[PDB]
Amino acid sequence: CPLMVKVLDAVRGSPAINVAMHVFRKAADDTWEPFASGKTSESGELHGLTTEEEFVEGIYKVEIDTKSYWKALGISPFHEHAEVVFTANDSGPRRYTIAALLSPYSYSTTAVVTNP
Amino acid sequence: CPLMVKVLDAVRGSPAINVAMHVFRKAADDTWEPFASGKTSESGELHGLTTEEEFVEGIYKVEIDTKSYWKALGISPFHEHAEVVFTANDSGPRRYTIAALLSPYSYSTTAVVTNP
Amino acid sequence: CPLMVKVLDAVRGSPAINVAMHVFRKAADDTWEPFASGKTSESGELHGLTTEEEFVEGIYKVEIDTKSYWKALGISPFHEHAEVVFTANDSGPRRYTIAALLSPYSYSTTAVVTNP
Amino acid sequence: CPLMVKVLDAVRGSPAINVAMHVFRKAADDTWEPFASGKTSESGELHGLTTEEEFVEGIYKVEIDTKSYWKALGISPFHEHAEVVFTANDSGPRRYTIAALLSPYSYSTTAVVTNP
């Protein structure tokens, strides 16, 4: 996987399961073009969003539907969603893991970038 | 002062000074309208973005220009920016502090919401 | 005021109020001597732990009683406490703010160190 | 593994490699008895610290030598180490992943607790 997302839940102490997210690439006219999506597995992971050949340089956005997640748990959340916006592959193809830790009024996101 | 933003630098253990950010409000037609902007002070704070009367119910986005902050320090960070998107004043007027902690490959955001 | 602690609750989006904590200093014989203690205010802050004259060079530990905080809210959290252990004033007197963000299964801590 | 530790580096955007840590169990006299240790792999992971039979109820401390890690990178750190103190297995055996995200002046720790 050139791109993987891992989401944890800081209230339950667990992977965050069935969290939906969409991935966008910024177009030449500065709009966001959606191109992939999925929901996290029982281990809080989403794999298989893109392939090496398709995942060219550019600016990418991952929009994580954290609000639906907290709603499903009966917990009032602050954010509409969690975004991660980044330039990919600036100096060549990299493997990216986006890690997110969710609380109702806070989130953190981190990137693990490895050169395959 | 109903909306304040505080930004810290996790590398230097300091306020993040001179960090630009723009606030937007979602309009009735669903586009992001410019709402306010400013840069953090020497204490990493930005106050005076809005007033109670102007800060009506709605979905607000704060886009924090973290990339320029890192680039000015010589660092090429992962994120293009840090976004915070939230519904405000859904249950009457509240005071919001958005707190952000910055590292080159990670950021966290939290909200303190108080009732005046 | 050379040492201040600020504690936020990531579940409620509020200061963490009435959080007890104890500060220790490592002694010449390597044991932890009691240094100061207190509980956070309604603003999640604890000030007045020490003075510039008393806060000499050394290794200090702040043990924050996060378990009691969660238990009083009905929650059985993961951590017994949050610890912050650091060398202080190694390069002359500094002002330290210890910031902690709490969730039932996670906590984060950061330091803001300023030169007066 | 009943106990795994995963450490990431928020400055380099990578697993935190060759981070040493020690694990202690609290004794009846309230002292900490060390019983396991290791250093993180190239993927920032430490496995094999204990076995199901040995990992009985009690209070456990993981002391992560973050200071040596930052020193090895030529970066000035704030903390002496990062601690994680928790009661294990309170309601039966669980699998524990302790996740830590490191910055020079901040760290976060989270637990993923799964029932095997």
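The chains carry the letters A, B, C and D, assigned in the order they are written, with residues numbered from 1 in each.
Quick note on the criterion: a residue touches a chain if its C-beta (ideal position, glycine included) is under 8 Å from a C-beta of that chain, and two chains touch if they have at least 3 such contacts.
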Quiz item: Pick from B-C, A-B or B-D: which pair repeats the contacts of A-D, with over half of them the same residue pairs?
Solution: B-C
Quiz prompt | Pair sharing more residue contacts (C-beta pairs) when C-D is set against B-C | solution = C-D
Quiz item: How many angstrom lie between the CA centroids of chain A and chain C, rounded to a whole number?
Solution: 33
Exercise. Please compute the C-alpha centroid of chain C, do the same for chain D, then give the distance between them in whole Å.
Key: 20
Practice problem: For chain B and chain C, let me know how many angstrom lie between their CA-based centres, rounded off. | Solution: 26
Quiz prompt | Sequence positions of chain B contacting 2 or more other chains | solution = 10, 13, 78, 101, 105-106, 108, 110-113
Self-check item: Interfacial residue positions of chain A with respect to chain D in the complex
Solution: 8, 10, 13-15, 99, 101, 108, 110-114
Exercise. Could you pull out which chain C residues touch chain D in their complex?
Key: 59, 76, 78-81, 83-87, 105-113
Self-check item: chain B residues within the chain D interface of the complex
Solution: 9-13, 78, 101, 103-106, 108
